[PDB]
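What the coordinates show
Here is what each chain is made of, one letter per residue.
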Amino acid sequence: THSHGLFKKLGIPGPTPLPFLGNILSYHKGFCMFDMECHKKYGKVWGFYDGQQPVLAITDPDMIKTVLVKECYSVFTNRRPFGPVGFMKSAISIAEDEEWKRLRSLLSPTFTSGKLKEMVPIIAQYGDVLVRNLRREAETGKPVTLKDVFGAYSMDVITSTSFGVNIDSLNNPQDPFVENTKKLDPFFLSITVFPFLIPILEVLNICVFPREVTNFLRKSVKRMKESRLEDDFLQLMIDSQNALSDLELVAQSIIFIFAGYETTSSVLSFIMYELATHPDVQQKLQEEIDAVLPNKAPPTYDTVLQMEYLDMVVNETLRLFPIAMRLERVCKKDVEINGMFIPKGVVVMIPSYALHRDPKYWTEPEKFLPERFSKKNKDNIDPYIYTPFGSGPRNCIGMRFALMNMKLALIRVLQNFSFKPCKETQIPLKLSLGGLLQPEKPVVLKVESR
Ligand code: HEM
Ligand SMILES: CC(C)c1nc(CN(C)C(=O)N[C@@H](C(=O)N[C@@H](C)CC[C@H](C)NC(=O)OCc2cncs2)C(C)C)cs1
Ligand SMILES: CC(C)c1nc(CN(C)C(=O)N[C@@H](C(=O)N[C@@H](C)CC[C@H](C)NC(=O)OCc2cncs2)C(C)C)cs1
């Protein structure tokens, strides 16, 4: 509590904290409404308390670039330590300082022109299977849960690539793999307040995903490595096992497996929601696709980057729904950035969801307006207000892979389907309150052959 004076003594505005809890009860809205409202109410910069942890929100495009780009290596290197993680301490996105840079540059040779282009023929094989699955159940003519169908696609595409293991989640509605992956939670509430508990859970072996999902992979990612040793990602980590170790290999894998599944299916669900409620945009895209890939022609690496309107659509959706509600860097030593002292131990927070919807930088910002991304308007958009993939050395390592993957899936779907809203379809869309940005009710849409 003694810490609740920090932003008072520093002269920084904010909702005043309750003992122990901090500003926690404000998240009853949801982490996105809280932030939005705080922006409006306190202007450019403010402080709040995650239980006992001070978090300084910043909005200045300059000050943002300083902490994300210019001052990353020296002072803003790490994210918040977030729960009981155990061996997942070694995962890239969870690692800190030295073990990070090592892991980061050991893995960033993975998503590069070369690699990407090499993943295309494999990923585009599961585009074809997405078309099939959609068609079998458009016959039904009954609302389709996009997330399901997108999920199974997402699934097949990461495994098959980063490893080289086609797992066929698609001829298989029934699946030994996805079960383990995806698994009003008072658990993160009790830690996010009381972090003095955290080392206790570590000793007890209690981890944020059971000795069921990991004990699965422990041996399973062990499984995918072994058969290989006879006659990419899984590859490049074996370059380093001659210095990437046993569980270090497995922990990168889970981080990838998750990101590549969960994020990729949510955005693609959100986009199709958009296209369906904006049939004009859906048409314009379906033309561009048809103009670029004529005769139902299969999408390729170079044809994807040719597609300007598609990129506009992806971007505009990501403006409205940035699956990561905020970016964060823990300040590791005292600092004076753009005339603002920030004490050691503060968590600096960039509120991506809110800035993406700010009057100041977006005219009619609730409206889905892909045209705000055309070559004409493109350059009037600050790269520190628009941050769906974060920025600087700790940005999203999977960006390029994510975009192309989504687009490949978008292309084939549109080059053979139309999507309209029906009864169950939630209009307008309502985001769920929790950690990740999700639609509270699933995206269900009617699908028709072309
Ligand atoms: C559209 C889907 C995706 C969105 C919106 C997205 C967004 C992000 C954002 C905003 C960050 C944090 C940037 C920062 O903190 O400065 C991030 C970090 C990261 N993402 Fe992505 N991401 C997506 C897909 C992926 C994919 C496909 C992978 C890899 C397969 C991936 C792996 C990572 C990793 C490892 C980090 C931590 C990087 C580090 O600390 O070095 N995410 N993601
Ligand atoms: C307790 C039992 C019933 C279960 N709860 C769940 C909840 N669930 C679906 C889930 O996997 N969430 C878990 C979880 O780890 N959630 C938090 C901490 C995620 C952290 C944040 C949101 N990061 C994050 O994932 O950002 C997305 C990315 C962008 N680029 C690469 S990844 C937790 C609640 C088990 C599944 S099974
Ligand atoms: C706590 C209460 C309010 C609840 N929230 C939820 C939902 N929730 C926590 C959630 O959105 N979880 C989602 C989720 O993020 N999944 C988990 C598995 C991600 C865990 C991974 C290992 N997190 C992780 O470490 O990502 C690294 C990054 C952090 N920031 C940018 S990248 C899940 C539905 C896919 C259910 S109950």
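See above for the structure.
In short, a report on the structure. (Residues numbered from 1 in each chain as written, not as in the entry; some residues may be left out. Chains lettered and ligands numbered in written order. Heavy atoms only, no water.)

**Side note on the packing of helix α6 (residues 146-163) against helix α18 (residues 399-414)**
Packed helix pairs are specified by the crossing angle of their axes together with the interaxial distance, meaning the distance between the axes. For the pair α6 and α18, the least separation of the axes is 12 Å and the interaxial angle reads 130°. Accordingly, the angle class assigned to the pair α6 and α18 is oblique. Crossing handedness for the pair α6 and α18: right-handed. On α18, the residues that touch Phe 150, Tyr 153, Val 157, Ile 158 and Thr 161 of α6 are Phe 401, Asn 405, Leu 408, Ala 409 and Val 413. Here the contact of α6 with α18 is composed, by residue class, of eight nonpolar, two polar and no charged. (Axes fitted to C-alpha atoms, helices over the stretch in contact; angles between N-to-C directions. Helix = DSSP H or I, 4+ residues; strand = E, 2+ residues; numbered from the N terminus. Parallel < 35°, antiparallel > 145°, perpendicular 65-115°, else oblique. Left-handed = near helix turned anticlockwise from the far one by under 90°. Contact = heavy atoms within 4.5 Å. Nonpolar A, V, L, I, M, F, W, Y, C, P; charged D, E, K, R; others polar.)

**Let's talk about the site of ligand 1**
Inspection of the region around ligand 1 gives 24 residues, with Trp 100, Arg 104, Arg 329, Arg 394 and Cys 396 positioned closest. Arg 79 is positioned such that a nitrogen or oxygen atom in its side chain is 3.2 Å from an oxygen atom of ligand 1. With five residues, the single largest contributor to the shell around ligand 1 is helix α12 (residues 246-277). A breakdown of the residues in the shell around ligand 1 according to their chemical character gives 14 nonpolar, six polar and four charged. (Near = heavy atom within 4 Å. Polar contact = N/O pair within 3.5 Å; in protein donor to acceptor, adjacent residues only side chain to side chain.)

**Quick look at the nonpolar core**
In a soluble, globular protein the nonpolar side chains are often hidden away together inside. Counting 127 residues, the largest nonpolar core has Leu 56, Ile 58, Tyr 153, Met 272, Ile 342 and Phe 419 as its most contacted members. Counting residues per element, this core draws most heavily on α12, at 16 residues. In this structure, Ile 24, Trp 46, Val 330 and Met 349 belong to the second largest nonpolar core, which totals eleven residues. (Core = buried A, V, L, I, M, F, W, Y, C linked by side-chain atoms within 4.5 Å. Buried < 20%, exposed > 50% of the residue type's maximum accessible area, 1.4 Å probe, protein only.)

**A short note on the sheet that holds strand β3 (residues 144-145)**
If you trace the three strands from one edge of the open sheet to the other, you get β3-β9-β8, paired in antiparallel fashion. With partners counted over all chains shown, the strands left at the sheet margins are β3 and β8 (418-420), one partner each. The sheet contact formed by β3 and strand β9 (residues 444-448) spans two bridges and is antiparallel. Within β9, the residue paired with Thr 145 across the bridge is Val 444. (Pairing = 2+ DSSP bridges.)

As far as function goes, none of this settles anything; it's purely spatial.
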